[PDB]
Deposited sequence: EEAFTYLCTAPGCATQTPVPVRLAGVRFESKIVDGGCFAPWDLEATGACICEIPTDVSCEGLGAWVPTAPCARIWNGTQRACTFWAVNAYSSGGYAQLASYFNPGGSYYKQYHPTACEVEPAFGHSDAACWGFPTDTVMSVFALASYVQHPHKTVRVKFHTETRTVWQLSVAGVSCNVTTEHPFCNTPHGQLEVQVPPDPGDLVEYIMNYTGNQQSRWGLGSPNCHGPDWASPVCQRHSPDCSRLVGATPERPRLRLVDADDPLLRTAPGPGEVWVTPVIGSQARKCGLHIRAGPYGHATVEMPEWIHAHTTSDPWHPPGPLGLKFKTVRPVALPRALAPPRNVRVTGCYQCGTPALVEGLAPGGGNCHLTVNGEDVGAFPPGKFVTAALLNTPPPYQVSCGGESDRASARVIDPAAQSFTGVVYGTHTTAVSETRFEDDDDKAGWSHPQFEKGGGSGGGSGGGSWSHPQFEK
């Protein structure tokens, strides 16, 4: 019997009693694909208008509201928009007098429909709108939503049941040691490798292709609080699920209002008319309180909060050299029969793998090359966490056979057991 320590850095090697070289460090895991993640980005636009527009929409307000921001914010999540009448028509017009601007603006909406809220704002300063010979007219439009920026969207895979893979070369023979499989064959004996514990769960941030690594769940209560994982979750990179901020709170705030001495809260948008340099024109100053009290800068966050490679303990590895040889057990090399795979892959819920193991010894069962355990001949049933999609090639170590599968992807699993969207009901007349 012999013992030596093997360091875990590139170039690390021992020579006695049998040479062992650290060839590399990799990792194995049970992947949980979360889909797409992005920060909650509160974006706002609008316009100060020296008119009472009759169509409160991006197209209807095209003469005042910036085109591209309006269209982008309108299509955003949890949209909020308000149209305020600061100074209405004194006479004439069409549903443009002050009387049409009752709280909630139902009278104006009757003739001028809009998806936006309509409110009176009489008493607010109309100083921004000037150059009217008679009848000063002014209105303010504000539009805000949570926009998903493609440059801030990251694909995230959670790595569970993580196993650091210490790739060794034992006298020229490849041996990959983990906490699950720490044994190696040596010329005339066995090597047992003492390994440090596994690092726990990992977070794989997929940049678009490059992978960046986080260590943990992540912890949304610590320095990684601003992680997109802690924010907007889209399992199929299309539909939103779970926790969502409320619709933004829009306020018309005059330039001299003492409220401006304080900062807006998260999800709050304050709009201030700016006096125009031109007659019958005005600008708009927008103050928005971002979700989580800060705006996430994606390349910068990833650079500081992730590593290029997954983390592993420093080692060293304990090399226990023994003269013992493992007992030769009979192995069945024929493929397994009537294999059925049911459930999901890369989801975190073990899939059901059932079939018939053939004769000749234990079947070292693989599902698309993934080890799912060894089974004695006859009927077998196992719950395995699968990382590969269907079709499933099943083997006992020799020839492979095609299994029957009813396996869904991680996005489909995220929508299984739920009915997505609006819940509609009707109350009939008596």
Worksheet item: Which runs of the deposited chain sequence never show up in the coordinates?
Response: 1, 210 to 213, 436 to 473
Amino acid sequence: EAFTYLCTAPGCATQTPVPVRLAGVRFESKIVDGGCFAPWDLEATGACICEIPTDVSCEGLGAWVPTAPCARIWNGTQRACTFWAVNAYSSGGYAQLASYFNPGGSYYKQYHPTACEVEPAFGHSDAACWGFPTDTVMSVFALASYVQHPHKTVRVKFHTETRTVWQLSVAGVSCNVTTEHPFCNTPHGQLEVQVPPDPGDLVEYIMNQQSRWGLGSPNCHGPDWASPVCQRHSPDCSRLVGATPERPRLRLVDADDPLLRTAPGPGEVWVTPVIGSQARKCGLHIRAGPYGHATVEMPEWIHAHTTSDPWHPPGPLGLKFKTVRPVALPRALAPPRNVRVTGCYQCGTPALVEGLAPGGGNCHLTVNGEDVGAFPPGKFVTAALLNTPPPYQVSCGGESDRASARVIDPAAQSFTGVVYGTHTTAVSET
From here on, numbers count along this sequence of modelled residues.
Fill in: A328 unmodelled in at least a third of other compared entries
yes
Worksheet item: Would 356 to 364 or 243 to 251 have the larger average of its C-alpha temperature factors, as given in the entry?
Response: 356 to 364
Fill in: 346 to 354 versus 187 to 195 - greater average Cα B-factor per the deposited record
187 to 195
Fill in: Residue selected from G214, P150, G289, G200 by maximal Cα B factor
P150
Fill in: Out of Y111, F83, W270, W301, residue topping the C-alpha B-factor column of the entry
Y111
Worksheet entry | CA B-factor ranking of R26, expressed as a third of its chain | middle
Discussion item. Considering every modelled residue of the chain and its Cα B-factor in the PDB entry, is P235 in the lowest, middle or highest third?
Written reply: lowest
Worksheet item: Against its chain's modelled residues, does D33's Cα B factor rank lowest, middle or highest third?
Response: lowest
Discussion item. Could you place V394 in the lowest, middle or highest third of its chain by Cα temperature factor, using the values in the record?
Written reply: highest
Worksheet item: Going by what the PDB entry lists, where does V18 fall on CA B-factor within its chain: lowest, middle or highest third?
Response: highest
